[PDB]
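Here's the structure, in structure tokens; my notes come after.
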Ligand SMILES: Cc1cc2nc3c(=O)[nH]c(=O)nc-3n(C[C@H](O)[C@H](O)[C@H](O)COP(=O)(O)OP(=O)(O)OC[C@H]3O[C@@H](n4cnc5c(N)ncnc54)[C@H](O)[C@@H]3O)c2cc1C
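In PDB author numbering, the protein residues as written are 20 to 231, 236 to 511, 517 to 549.
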């Protein structure tokens, strides 16, 4: 029942945690709510689920052998391939024996005399950890929206968050998709190709750009070490940089050519084509205009194109979706886009969806749900720190951390890749590696000095909260209805760049953890 580390989650972060911590001789017990490893890549298996960041970059760097040995089948790996990859990883490093699956951690209570966390589970587990590491992921399922008479619909209801492992045949079916976030945008084109008829029920339109040899694949494998260095020192965790000159300080021909080149290689990277693209509203207007043009050129019907165009949002404010044949899908005879602002859904009946203006005969409804950002999973845990104060309570006015890694009243607790860190703003595999490594060094630091614990300082967290506030007040990611916002106004991620952030937390470590108190037994 005693372990050095308890890890919550068995996705990318938790799997690396187990490996890294055991390599320095720590005993580890991990809990995973799911049936197998993989996290988001295990749970989220709707058709066309796919990563945003090139798989060369969105993959582990910790093992030279694994990098050379594993062959990615395409530029942006789909969910089943990333799953197979993470399964291979648990196979190679014998991680599963230290994981208990189908087990949801419910509470963690600090014993302040001992500086241990007692971790409890819905399967009746009670374990004592020196260190609690939460690797619960940054994305959790947004609530299934309550529709009147959904329980009366005779056809099939399928949720993108709980996709049938053996798939769903859409052949011969009239299909209604509700939700046009990424899970919708990625599944729609596949649904339309085999469905008899597809109705897409859209509330808000989102920004999405296209996804897009043997001799060239062996070229990056030999240059992998240099590509990782660039990534670890970059702003977003990939070997890329923005243009030198400003958006509003270049030719139109040079503008179109820079946007066109950045249109090809990725959506997250298109957002950072120009330095002031996510800072100056007028600069963003150009990227917005360039995007609208491209979509009007591909969509046949100008009325549909307009409906596909996001109302009045800065491009990049919400993360740009990566699509494969999405906008082309609306040229098909068997797909109709229904504007929910004109005709809102007022309920379901036996035979389909009823809106304000028409009834829709359907055999199948696909609920393409979204994701809550950053605090969703942590919020389902009761973490009781010093004085018996929960993390939920101390975060009531917004997340407070130092570096994302320290919180006063929570010694020996580490929340990975969450509020206070770049989090989803950076390549999350490399971010996981950075954070797990940092935690492991901190533990090694404590062990070499006979110290019982480490704890965020009230002063350092206040300074960090302010630091995150300042980097964010400038950005267009800090919009009123922003994906990235917390309790209050609080923009949750660190917005200064991955390389900058990595530099900060490493120098903090090298200085003997200034801003943390080192605690004696
Ligand atoms: C379609 C899609 C594409 C994406 N593409 C990219 C990309 O290209 N680049 C990128 O950087 N990020 C991407 N992401 C973000 C993705 O969330 C992260 O990259 C990744 O999940 C981080 O891994 P993780 O281990 O931190 O979290 P997760 O993969 O979410 O793993 C967390 C695990 O913890 C478990 N857990 C949570 N709470 C508990 C509890 N109380 N008890 C037990 N277990 C618990 C969960 O079941 C889950 O298995 C994408 C997400 C989606 C949905």
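Note that CB positions come from ideal geometry on N, CA and C, so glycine has one too.
My understanding is that residue i touches residue j, with C-beta atoms under 8 Å, so please give their C-beta distance in whole angstroms.
i	j	result
residue 401	residue 441	7 Å
residue 203	residue 391	4 Å
residue 201	residue 344	5 Å
residue 56	residue 115	7 Å
residue 372	residue 193	About 14 Å; that fails the 8 Å criterion.
residue 87	residue 244	6 Å
residue 285	residue 309	Actually they are not in contact, since the Cβ atoms of residue 285 and residue 309 sit about 12 Å apart, beyond 8 Å.
residue 296	residue 333	Not quite, the Cβ-Cβ distance comes to about 18 Å (not below 8 Å), so this is no contact.
residue 465	residue 134	Residue 465 to residue 134, Cβ: 14 Å. No contact.
residue 95	residue 70	5 Å
What span of residues does the alpha helix (DSSP H) with residue i cover, start to end?
i	result
residue 159	Where residue 159 is concerned, there is no enclosing alpha helix (DSSP H), although the beta strand (DSSP E) it sits in stretches over 158–160.
residue 390	From DSSP, residue 390 is part of no alpha helix (DSSP H) but of the beta strand (DSSP E) over 387–390.
residue 451	451–471
residue 304	304–321
residue 368	Here residue 368 belongs to no alpha helix (DSSP H); instead the beta strand (DSSP E) covers 368–372.
residue 201	201–213
residue 532	526–538
residue 229	Here residue 229 belongs to no alpha helix (DSSP H); instead the beta strand (DSSP E) covers 227–229.
residue 331	325–331
residue 288	275–288
residue 103	98–111
residue 407	Where residue 407 is concerned, there is no enclosing alpha helix (DSSP H), although the beta strand (DSSP E) it sits in stretches over 405–407.
residue 402	From DSSP, residue 402 is part of no alpha helix (DSSP H); its letter is neither H nor E.
With distances taken from CA atoms, which of the options is nearest residue i?
i	options	result
residue 228	167, 247, 287	287
residue 292	342, 430, 335	342
residue 85	69, 109, 64	109
residue 220	237, 285, 330, 236	330
residue 49	148, 205, 70, 252	148
residue 462	268, 411, 437	437
residue 425	326, 332, 443, 506	443
residue 449	258, 409, 366	258
residue 547	428, 472, 347	472
residue 528	118, 253, 28	253
residue 366	97, 193, 87, 222	222
residue 46	118, 28, 94	118
residue 218	384, 139, 176, 173	384
residue 25	96, 95, 154, 533	154
residue 397	372, 415, 157	157
residue 73	28, 83, 530, 93	93
residue 176	399, 433, 387	387
residue 53	161, 80, 180	180
residue 368	380, 359, 544, 419	380
residue 534	460, 393, 41	460
residue 144	41, 411, 104, 125	125
residue 348	205, 416, 188	205
residue 242	90, 326, 478	90
residue 357	269, 208, 325, 306	208
residue 280	303, 129, 313, 239	313
Taking the continuous beta strand (DSSP E) assigned at residue i, which residues delimit it?
i	result
residue 221	216–221
residue 135	135–140
residue 342	Premise fails: residue 342 is in no beta strand (DSSP E) and is neither H nor E.
residue 478	474–479
residue 149	145–153
residue 128	124–130
residue 382	382–384
residue 22	21–27
residue 32	Premise fails: residue 32 lies in the alpha helix (DSSP H), 31–42, not in any beta strand (DSSP E).
residue 197	193–197
residue 378	375–378
residue 360	358–362
residue 48	47–50
residue 177	175–178
Considering only heavy atoms of ligand 2, does any lie closer than 7 Å to the CB of residue i?
i	result
residue 254	Inclusion of ligand 2 in the displayed structure is not the case, the ligand content consisting of ligand 1 alone.
Across the stretch 165–172 and the stretch 60–76, are there enough close Cβ pairs to call them in contact, namely three or more that are closer than 8 Å? no
Specify whether the stretch 203–219 and the stretch 352–366 touch according to this definition: at least 3 beta carbon pairs, one from each stretch, less than 8 Å apart. Contact between the stretch 203–219 and the stretch 352–366 is present, because at least three Cβ pairs lie under 8 Å.
Decide yes or no for the touch test of the stretch 489–499 against the stretch 517–534: beta carbon pairs closer than 8 Å, at least 3 of them. yes
Give a yes or no on contact between the stretch 187–200 and the stretch 371–390, applying the rule of three or more CB pairs nearer than 8 Å. Touching, yes.
Meets three-Cβ-pair contact criterion under 8 Å: the stretch 394–411 and the stretch 496–503: no
Is the number of C-beta pairs between the stretch 445–461 and the stretch 28–38 that are closer than 8 Å three or more? By the Cβ criterion, the stretch 445–461 is in contact with the stretch 28–38, since at least three pairs of Cβ atoms, one from each stretch, lie closer than 8 Å.
Pairs of beta-carbons, one from the stretch 61–77 and one from the stretch 175–185, closer than 8 Å: are there three or more? These segments touch.
Specify whether the stretch 272–287 and the stretch 248–257 touch according to this definition: at least 3 beta carbon pairs, one from each stretch, less than 8 Å apart. no
Taking one C-beta from the stretch 479–488 and one from the stretch 498–508 each time, how about it: are there three or more such pairs within less than 8 Å? no
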